[PDB]
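The lines below spell out each chain.
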Amino acid sequence: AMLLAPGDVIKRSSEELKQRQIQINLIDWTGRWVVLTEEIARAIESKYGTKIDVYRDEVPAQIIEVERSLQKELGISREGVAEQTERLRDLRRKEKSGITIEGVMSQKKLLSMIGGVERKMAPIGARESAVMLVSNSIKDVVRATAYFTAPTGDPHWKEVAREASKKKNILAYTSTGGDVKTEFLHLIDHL
Amino acid sequence: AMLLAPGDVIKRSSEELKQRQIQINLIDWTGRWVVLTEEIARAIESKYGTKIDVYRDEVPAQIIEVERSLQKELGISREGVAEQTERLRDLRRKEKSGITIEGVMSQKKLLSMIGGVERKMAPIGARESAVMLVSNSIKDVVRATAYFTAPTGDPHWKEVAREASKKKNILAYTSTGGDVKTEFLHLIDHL
Amino acid sequence: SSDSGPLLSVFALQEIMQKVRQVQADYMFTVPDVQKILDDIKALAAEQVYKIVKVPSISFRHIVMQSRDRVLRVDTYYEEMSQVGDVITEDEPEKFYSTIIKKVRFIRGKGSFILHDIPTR
Amino acid sequence: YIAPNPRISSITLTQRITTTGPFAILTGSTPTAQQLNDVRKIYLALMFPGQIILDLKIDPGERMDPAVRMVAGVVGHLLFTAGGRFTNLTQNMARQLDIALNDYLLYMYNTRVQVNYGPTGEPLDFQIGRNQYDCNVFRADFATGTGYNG
Amino acid sequence: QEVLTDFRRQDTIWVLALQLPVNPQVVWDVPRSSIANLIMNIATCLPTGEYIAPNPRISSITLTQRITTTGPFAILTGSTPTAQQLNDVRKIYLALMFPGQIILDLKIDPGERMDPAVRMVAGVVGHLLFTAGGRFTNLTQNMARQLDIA
Amino acid sequence: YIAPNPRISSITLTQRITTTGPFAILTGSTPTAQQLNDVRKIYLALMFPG
Amino acid sequence: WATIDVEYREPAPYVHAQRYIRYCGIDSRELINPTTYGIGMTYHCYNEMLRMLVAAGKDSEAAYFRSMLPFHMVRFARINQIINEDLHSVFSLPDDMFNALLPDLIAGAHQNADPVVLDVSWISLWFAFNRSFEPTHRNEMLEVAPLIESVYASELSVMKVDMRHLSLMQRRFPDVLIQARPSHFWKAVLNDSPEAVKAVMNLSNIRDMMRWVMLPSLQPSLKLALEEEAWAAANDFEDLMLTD
Amino acid sequence: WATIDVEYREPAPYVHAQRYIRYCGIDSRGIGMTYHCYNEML
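Method-wise, the PDB entry is recorded as coming from cryo-EM, at a reported resolution of 3.6 Å.

Here it is, written out as structure tokens:
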């Protein structure tokens with residue numbers, strides 16, 4: 001299930017495409033926070049799928065201080081809390097021997113600050129979508145099984161459309177009204 | 001299972017040999033911390049096999065203050081905590097009536113500071129290794145059943161090698177590449 | 001990440017050959033490219049044993065002499081097949097039988113042809 | 001040529017694609033210009049029963065979403081006739097359509113039902129559903145034309 | 001149709017140099033050719049594809065064990081293996097796709113320090129990846145004993 | 001005299017010792033010079049049966 | 001565990017491979033969709049293992065293994081489809097040898113070809129359990145395999161009949177023909193055989209050679225039909241212009 | 001075990017010694033050959 005689409009559409013929907021695990025092949029035409037210790041970052045990455053960096057005495061930076069509430073929420077062990085507060089004491093001593101720390105302690109604050117949205121409660125299928133690749137290259141026009149069109153234009157889209165319409169058995173979809181991105185996402189969901 | 005090896009090899013691997021309980025026979029050729037009370041030191045020695053000294057009002061020294069977290073981790077009774085904090089109060093009074101104390105409260109801090117690494121989770125055999133003695137003496141050349149050689153040299157190793165090769169039935173191993181110590185440890189593990 | 005028939009085949013050859021090379025005798029390597037083998041076998045399958053010709057090969061040729069009333073008839077089959085195979089020697093049977101095989105191959109090679117679209121008036 | 005619903009080009013795609021499955025994928029797609037010629041060929045064969053016969057175009061180096069093959073196999077049985085008095089399609093096309101219908105019937109895309117297979121390996125030789133329905137009648141047979149409009 | 005029905009024309013002669021229904025006894029009668037037959041079977045008809053990780057909607061497995069200072073809290077699933085581990089998983093899949101002809105075996109490197117957790121959970125997954133009786137086997141008895149001990 | 005695998009002296013010991021047991025201990029050890037004479041005696045007895 | 005892994009349903013295109021393999025009891029006759037297949041379906045071993053794991057009190061591991069089940073089912077569905085559909089060829093192991101693999105391994109009296117053993121590490125098991133094989137598209141040479149198989153069999157038959165005719169010819173005229181051993185004229189024949197067949201067959205004695213020659217199984221072909229007539233016409237040495 | 005290793009074929013240049021020695025039953029007139037003792041060992 002391989003689809004061809006205008007380049008601006010994939011450019012605008014790259015985030016959703018990455019979130020739904022479809023690989024992107026496109027041709028162009030012309031401060032973060034860190035966790036005190038690696039264990040908490042690993043736990044939060046496992047829970048939410050969000051990559052988190054680790055503080056390594058680099059520069060005056062902004063530190064995230066996970067609080068007792070989220071410590072209990074994430075199921076963190078006693079040793080993790082102990083090492084977190086040990087690193088906290090080390091930071092206290094370092095800044096007393098003359099960096100900003102935030103004691104985030106609500107789940108919504110952490111979500112609205114950084115990271116990916118939590119997981120829904122449905123059965124997990126083998127794959128999120130039935131499509132593997134959406135591309136905008138003439139080099140793999142024979143690779144495609146269907147294509148999508150929009151009133152928006154690309155300098156190479158006309159030739160690709162001509163070379164794709166020549167296929168004997170290919171599914172063709174066109175969008176005329178509403179939002180192009182919403183229609184494309186609905187199509188990629190139902191295809 | 002008695003082995004003969006160059007003296008520098010056993011000199012470099014004495015720590016591992018002691019950790020694996022093989023007795024060492026070798027011929028040469030040319031501040032610590034203390035626990036408030038004996039009960040905590042005995043408990044930590046039983047748990048980790050690490051000898052710990054006891055504070056006895058000797059000199060200005062460095063004191064280890066086991067904290068509530070490790071108190072619960074080690075399964076220390078209420079009386080142990082009570083006597084620990086009683087000794088702590090005594091120290092407070094002593095230094096107020098005019099010595100450094102550290103409140104270590106994470107497991108990793110204690111390990112990285114002093115002591116032996118924790119125990120792995122496998123079934124415990126009757127003996128760690130099948131070999132009893134590794135020596136570098138001509139006085140017990142008839143004692144040996146196998147010997148190990150390396151490009152490194154000792155002033156007495158040539159004569160020992162000649163006197164050991166004369167044995168009718170003896171296992172001979174030689175190391176040519178890689179690290180000598182790693183090969184020796186692998187051999188002592190598999191022998 | 002990607003896999004293919006030939007690639008996994010090459011990997012299997014590498015593993016099996018590395019396993020079997022551990023023991024050898026007589027104290028006297030290469031991994032063949034499966035792409036070349038497949039291409040050669042496909043080409044051989046695509047080959048035709050016979051061949052299509054419009055005119056059969058010349059069987060008899062004549063050499064004209066000075067005489068106006070006489071001429072010699074030469075059978076082309078015998079005059080040319082004598083060049084098939086090298087000389088024979090009695091010390092090495094293998095070369096003799098290889099020559100025999102080549103000679104018997106030549107007859108089968110020559111005798112397979114099909115006539116099609118002969119030019120006529 | 002007229003679609004069953006006029007002015008479907010004006011309506012948004014979301015109102016055309018409503019569910020999941022091969023038919024949902026098929027519905028809402030617009031035909032290409034070239035396929036209109038093949039539709040014309042199909043109709044041309046429809047007007048002339050015994051003088052025009054159909055066959056499938058298979059390119060050795062082409063591929064497709066199997067949903068379109070499934071839907072074509074389902075449709076062909078209702079759309080064409082074969083056997084009894086005359087035929088519109090060759091025996092090979094009938095066999096391919098039967099195979100496609102078999103594959104669609106054994107496509108458990110939304111729900112699962114019990115199926116009992118027959119002793120022979122021919123397609124459509126099975127009984128499906130809680131009520132045992134024999135699918136062998138849908139196999140092509142030009143002697144009587146059971147599987148099609150005849 | 002050029003392969004299936006083209007021979008029934010009256011303007012074509014098919015010279016059958018090669019006959020299709022070949023008896024397999026000829027291929028298998030050549031002595032000591034099991035390896036060659038297996039290799040050719042892999043080469044001639046194995047499809048090409050990709051290795052994909054499971055759905056990222058499945059988080060890393062967390063072990064219910066009391067914390068040791070250097071042990072792994074969880075074992076990631078999206079981590080990319082090394083080339084040698086890629087070769088090993090290729091071996092696993094190749095032996096899985098050929099039931100009785102290829103068999104696995106453990107190998108322990110002198111180095112490559114690994115926590116006991118990875119082995120202790122591989123012993124869990126081994127009882128699900130492979131079959132060890134009934135009609136055929138994918139693993140040797142030594143592997144069975146090692147997995148049972150783990 | 002030739003070993004079943006040539007140039008085993010070049011390969012590292014870890015690749016020769018792979019498992020545990022009497023055969024694992026036996027494998028990887030190099031023979032002494034004196035035992036080569038006994039190997040010669042064994043072969044000598046092999047050529048002359050009785 | 002209590003599953004019918006092997007079954008026979010109808011005669012196959014190749015008469016030597018009638019078995020159908022089915023991991024976990026999954027039938028390969030029905031197509032599946034990766035998005036929704038495998039939800040809420042289990043086999044005996046997986047269910048028992050989950051029950052045992054949850055009984056021990058390891059809740060997180062049980063939940064993880066429950067969540068991974070559809071991926072597991074889809075992976076074995078793909079593997080089953082690949083085994084049953086694509087790999088059917090003459091090069092597949094025949095049923096008689098397949099049935100005797102396990103009892104031979106149990107008894108240890110290996111007399112047939114031994115199975116190939118491969119090495120694997122601990123982390124590889126986890127990585128394999130956390131990966132799947134998805135066929136992007138079929139092999140390029142899948143459609144043209146039977147012609148290759150037929151030409152290979154025909155070449156083998158041609159070599160066999162050439163050996164037989166060489167032996168008969170050597171027996172016919174012992175007075176003038178040079179006496180030779182089979183290893184001589186077999187090598188002579190192999191010197192003229194096409195290189196592709198030699199390369200195919202050389203990817204891996206005399207007694208086995210004689211046993212193979214004495215076998216009566218032959219493969220008809222046009223090349224054999226011409227070769228036998230050529231050998232018959234070769235009975236006259238004058239036609240070869242070899243004279244004494 | 002269960003194998004014959006000494007045999008007589010034809011007169012030798014030395015009349016006093018005409019026997020032939022065949023360890024494991026193999027002769028010069030090495031893949032796949034085995035013998036009963038080794039199979040029983042396995």
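Draft legend 1. Region of the structure containing the overall build of chain G. Of regular secondary structure, chain G possesses 11 helices and 4 strands. Across its three principal directions, the C-alpha atoms of chain G cover 95 × 40 × 30 Å. Expressed as a percentage of its 244 residues, the buried residues of chain G come to 50%. Of the roughly 11,800 Å² that chain G leaves accessible, carbon and sulfur atoms contribute 57%. Of the side-chain charges in chain G, 21 are positive and 32 negative, and the distance between the mean point of each set is 7 Å.

Draft legend 2. Focus on the overall build of chain E. Looking only at helices and strands, chain E has 5 helices and 6 strands in total. Mapped from its N terminus to its C terminus, chain E presents α and β elements in the order α-α-β-β-β-α-β-α-β-β-α. The C-alpha extent of chain E, read off along each of the three principal axes, is 85 × 40 × 30 Å. In chain E, which comprises 150 residues, the share counted as buried stands at 49%.

Draft legend 3. Seen up close, the arrangement of the chains. Ranking by contact count across 16 pairs of chains in contact places chains E and G at the top. Here chain F and chain G are not in contact; the least distance found between their C-alpha atoms is 12 Å. Regarding chain C and chain H, which are not in contact, the minimum distance between any of their C-alpha atoms is 10 Å.

Draft legend 4. The arrangement of the sheet that holds strand 2 (residues 126–128) of chain D in detail. Residues and elements named next belong to chain D. Across the sheet, 3 strands lie side by side as 1-2-3; this open sheet has antiparallel pairing. Looking at which strands have only one partner, the edges of the open sheet turn out to be strand 1 (115–117) and strand 3 (133–134). Note: strand 2 against strand 3, 2 bridges, orientation antiparallel. Bridge assignment links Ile128 to a residue of strand 3, and that residue is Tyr133.

Draft legend 5. Main features of the interface of chain G and chain E. Listed as interface residues are 88 residues of chain G and, on the opposing side, 88 residues of chain E. Both sides of the chain G and chain E interface together cover about 8,700 Å² of buried area, and 71% of this is carbon and sulfur. Interface area lost by chain G to chain E is led by G:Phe91, G:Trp122 and G:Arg131, which between them contribute 11%. Inspection of the region where chain G meets chain E yields 1 salt bridge. Residue composition of the side of chain G that touches chain E, grouped by class: 59 nonpolar, 19 polar and 10 charged.

Draft legend 6. Region of the structure containing unusual backbone geometry. Notably, B:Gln21 is not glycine yet its phi reads approximately 70°, a positive angle. Locating B:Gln21 in the fold gives a position in the loop between helix 2 (14–19) and strand 2 (23–25).

Draft legend 7. Looking closely at the pattern of salt bridges. Using the criterion set out here, one finds 38 salt bridges over all chains in the structure. The partner of A:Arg20 in a salt bridge is A:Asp189, with the nearest N and O atoms 2.6 Å apart. Overall, A:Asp189 belongs to the partly exposed group, its relative accessible area being 47%. Across the salt bridge formed by B:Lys96 and B:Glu95, the nearest N and O atoms sit 4.0 Å from each other. We classify B:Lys96 as exposed; its relative accessible area is 52%.

Draft legend 8. Region of interest: the side chain of C:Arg108. Take C:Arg108: it is sitting in helix 4 (residues 93–111). On the accessibility criterion, C:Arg108 (15% relative accessible area) is buried. Apart from residues no more than four positions distant in its own chain, C:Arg108 is found in contact with G:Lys223, G:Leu226, G:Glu227 and G:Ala230.

Draft legend 9. Main features of the packing of aromatic side chains. Summed over the entire model, instances satisfying the criterion amount to 21 aromatic pairs over all chains. Ring geometry for G:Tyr23 and G:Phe76: centres 6.0 Å apart, planes at 35°, overall tilted. One end of the pair, G:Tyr23, is in the loop between strand 2 (19–21) and helix 1 (44–55); the other, G:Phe76, is in helix 3 (residues 69–86), with 53 residues separating them in the sequence. Of the two residues examined, G:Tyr23 and G:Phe76, each falls in the buried class. Clustering of aromatic rings is evident, with ring pairs tying together E:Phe136, G:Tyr23, G:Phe76 and G:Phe98. The ring of G:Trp122 has E:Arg119 lying over it, and the distance from NZ or CZ to the ring centre is 5.6 Å. Residue placement shows G:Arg29 over the ring face of D:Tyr117; its charged tip is 3.6 Å from the ring centre.

Draft legend 10. Highlighting the sheet that holds strand 7 (residues 133–135) of chain A. All names here are of chain A. Spatially, the 5 strands line up as an open sheet ordered 2-7-1-8-9, and their pairing is parallel. Every other strand in the sheet has two partners, leaving strand 2 (23–25) and strand 9 (171–174) as the edge strands with one partner each. Between one strand and the next, the sheet's axes are offset by a mean angle of 20°, whatever the strand orientation. For strand 1 (residues 2–4) and strand 8 (residues 146–149), the ladder comprises 2 bridges, and the chain directions are parallel. Looking at the pairing, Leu3 lines up with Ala146 of strand 8.

Criteria and cut-off values
- Residues numbered from 1 in each chain as written, not as in the entry; some residues may be left out.
- Chains lettered and ligands numbered in written order.
- Part of a larger assembly, values for the part shown.
- Heavy atoms only, no water.
- Helix = DSSP H or I, 4+ residues; strand = E, 2+ residues; numbered from the N terminus.
- Buried < 20%, exposed > 50% of the residue type's maximum accessible area, 1.4 Å probe, protein only.
- Areas by Shrake-Rupley, 256 points an atom, 1.4 Å probe, with all protein chains shown as cover.
- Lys, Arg positive; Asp, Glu negative; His and termini not counted.
- Charge placed at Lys NZ, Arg CZ, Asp CG, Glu CD.
- Contact = heavy atoms within 4.5 Å.
- Pairing = 2+ DSSP bridges.
- Buried area = accessible area lost by both parts, 1.4 Å probe.
- Salt bridge = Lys/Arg side-chain N within 4 Å of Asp/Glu carboxyl O.
- Nonpolar A, V, L, I, M, F, W, Y, C, P; charged D, E, K, R; others polar.
- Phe/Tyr/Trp six-rings, centres within 6.5 Å; stacked < 30°, edge-to-face > 60°.
- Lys NZ or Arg CZ within 6 Å of the ring centre and 35° of its normal.
- Axes fitted to C-alpha atoms, helices over the stretch in contact; angles between N-to-C directions.

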